[PDB]
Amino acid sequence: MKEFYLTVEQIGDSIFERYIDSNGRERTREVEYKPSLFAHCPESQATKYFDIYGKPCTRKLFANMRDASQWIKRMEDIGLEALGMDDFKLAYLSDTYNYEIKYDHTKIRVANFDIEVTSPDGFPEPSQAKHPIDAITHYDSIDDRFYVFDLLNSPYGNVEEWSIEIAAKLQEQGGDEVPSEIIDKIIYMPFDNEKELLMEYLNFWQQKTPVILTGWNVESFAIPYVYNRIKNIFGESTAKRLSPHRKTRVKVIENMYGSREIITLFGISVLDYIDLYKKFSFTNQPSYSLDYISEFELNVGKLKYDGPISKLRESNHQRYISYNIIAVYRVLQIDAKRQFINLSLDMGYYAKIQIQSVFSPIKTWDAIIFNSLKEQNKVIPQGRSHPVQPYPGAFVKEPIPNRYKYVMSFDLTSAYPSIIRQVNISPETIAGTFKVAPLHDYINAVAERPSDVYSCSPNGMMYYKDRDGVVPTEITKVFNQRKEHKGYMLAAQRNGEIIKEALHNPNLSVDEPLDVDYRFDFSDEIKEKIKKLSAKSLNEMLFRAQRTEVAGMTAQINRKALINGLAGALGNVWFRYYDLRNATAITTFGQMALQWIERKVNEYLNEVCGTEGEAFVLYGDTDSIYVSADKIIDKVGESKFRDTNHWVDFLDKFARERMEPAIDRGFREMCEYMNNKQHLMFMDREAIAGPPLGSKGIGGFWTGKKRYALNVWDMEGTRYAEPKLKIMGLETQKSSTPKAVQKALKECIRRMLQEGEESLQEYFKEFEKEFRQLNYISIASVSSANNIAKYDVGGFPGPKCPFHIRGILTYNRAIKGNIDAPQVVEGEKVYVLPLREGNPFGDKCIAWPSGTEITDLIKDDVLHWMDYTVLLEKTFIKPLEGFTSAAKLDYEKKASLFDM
């Protein structure tokens, strides 16, 4: 097999590399890598190295990496560009792996761990590490084993060994229901004292040194706690054994409002799963506790116990250890589903970076572009300093607030990367500027043609047409990978819909789920067999279809995120290829494209309908248009349709056969107008929306920009067994809105769109009547908590104090005295509730850490004093009044003459 790196580090003048050799074995080596860097040189000097602008360069080979670094400094003191890859480990990987990396994940050691630390005096600060580590579960992907390190004797209690037999048993048997599929994979090791546990853990770690290190909050808690605890007990050199090169550094993580400390373990690639999830999941959660995320992703129930976690070890050590094991398995289960580790490995190896660099799009792209250019013997410019400057982004059309009955939407495929490809936007393809007309003149095709030579953007930039730039070339490769996974994702989705349909008629038989590849559209034979299957089999197939779809979604959406990241990296000062001319060429072209095509679709449809000046395009945002299809439906007449699916087919056919070719011609003309390199504006139909045939549903509504709801029958070629709501921006979509309120508002919208005004007033009247019975958590608002200290004036609100911060200060006073009570963590999320006047808390609201029950000390009072009236009006009535006046209907029945 072809070798591949596992980790790479620079330590002084050595590269330290862990790798898989040609025989599949893990090795380590130290290499005294001699970097090269580059200077411009005279024309009449024979060279094969050229900067990206075609100017000749001489290569300077250095005795060691420290000499290259010092040289870089001296070149600045002189005032001359020191060209080339200044991150020497990236050049090493480029030199050592000069081919497309074929990796084998079964050879990569992936470690998932979680620790327990009993603490009587509140939260155990990792930087202090003053309490014993009393449990470690460490899963190893190569052995496929959970190694459990269990402390039996502690200053906080002596306990009995954990029992695997009780662990296996049902919760109803007094057991812990550790899942049976992992019971045989546990290797349990009890310890008589902490020193021995840790000494064994380090010996184990040495034998099985993680390549990828993950788990939940490992970077901010587990790793620094373990590192600091071992440091305190044994000294630094023993603690540095967590690094296979014995090198670590304390790294300061700075945000807008403060900082924290993490430990960098050289020769390990730490991918904290909480950070993986935040980057790759495309959710925004009320809480990031593992219990909350586990429940959301897997639908497994909260790990439940009596009393505080601080007393769990002594009161119930058995459950304590079982929950530590289960917590590690939960992360694995989320990964089996979401496939973020897999994704990280793909992108890291593709870019030829340290795997943990996948968190940085600037670093990922710096390495992709470096490797690409290195291939042609080209030399990358030096990074330069830039002042941060604002620049313009997308156009968004102001919709007329209203109900909209029949809606068809269209949207550019990979808008910004397509613009980059079409215009040929790249650092080294800039050819000059032209005299710009106001944008409006390009939109209406009255401005002078920008160039008869170069490919243009309406921001005034021109680009070469003879050759593709390195940015379009490399962005195209990732785009193609994206398109492939999206194909599998959509197939799995359409397959899901076939299964749902079939489920309306399950057969009464005992059978097995079919062995099929869900990434591919179900053939006729598979369709036939599906119609003969039981509900049990069908459900299992649905689950598998949805897993395949989730796998496709992770792969496609984060490749989209990567390529879109490049368009934005052109506008970040830290990017080697930062250039506001290119960042703006992209965003300005986009604004033009949207408005240009709005004009064309309008002209086209007015033509088809024999009208003039009618606005068919009601809305659009960035690269999308929403076309009113009322007139199209009416021209055939609702009477001619057999059912909802009949008009949906009609519109689908109209969009594909009439609208899309009209759209394509309009864009080809725009391409010629801008003299672009390649026509790449592909605007496919997204949504077909409307009310169910013969109902009183309103089908859709807009309240404003980025605020709308649509009843959707077909999305990108997926025909739904059941209509689906596409709701954007509204309170149902916000993590700040109470869960029960999201759910109630969603149902009001479903009723408005599918059933009508009368159904809506029915549901409202009932929700208003019963809502006070809802669990307090389900009706709490959610907010991030920044700058708690800034607004804290002796425990009371300072001037301009935010409502949610006020809530926290109210909380802090109510629990003052107790180091046992959970503290709100700065920068994390809180639940917020209003309090009725003259409550014992002395203020109008209270907030507490999100994803948790509020402590028992105050819970009773909170419940008694909760202001259901305020809460109702703010979270439910206000947005609902927003929706319904927009849609021009009433949530309460107005008096009529029939009342008499």
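All residue numbers are counted from 1 along the displayed sequence.
Looking at mean Cα B-factors across 180-188 and 507-515, the upper value is held by 507-515. Stretches compared: 18-26, 888-896. Higher mean C-alpha B-factor in the entry: 888-896. Based on the entry's C-alpha B-factors, the most elevated value among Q546, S624, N572, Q128 belongs to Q128. Of the candidates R751, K527, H485, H317, the one whose C-alpha carries the top B factor in the deposited record is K527. When the modelled residues of the chain are ordered by their C-alpha B factor, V832 lands in the lowest third. Split the chain's modelled residues into thirds by C-alpha temperature factor. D275 is in the lowest one. Per the PDB record, residue ranking by Cα B-factor puts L538 in the highest third of the chain. The deposited CA B-factor of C41 belongs to the highest third of values across its chain. Looking at the C-alpha B-factors along this chain, the one for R658 belongs to the highest third.
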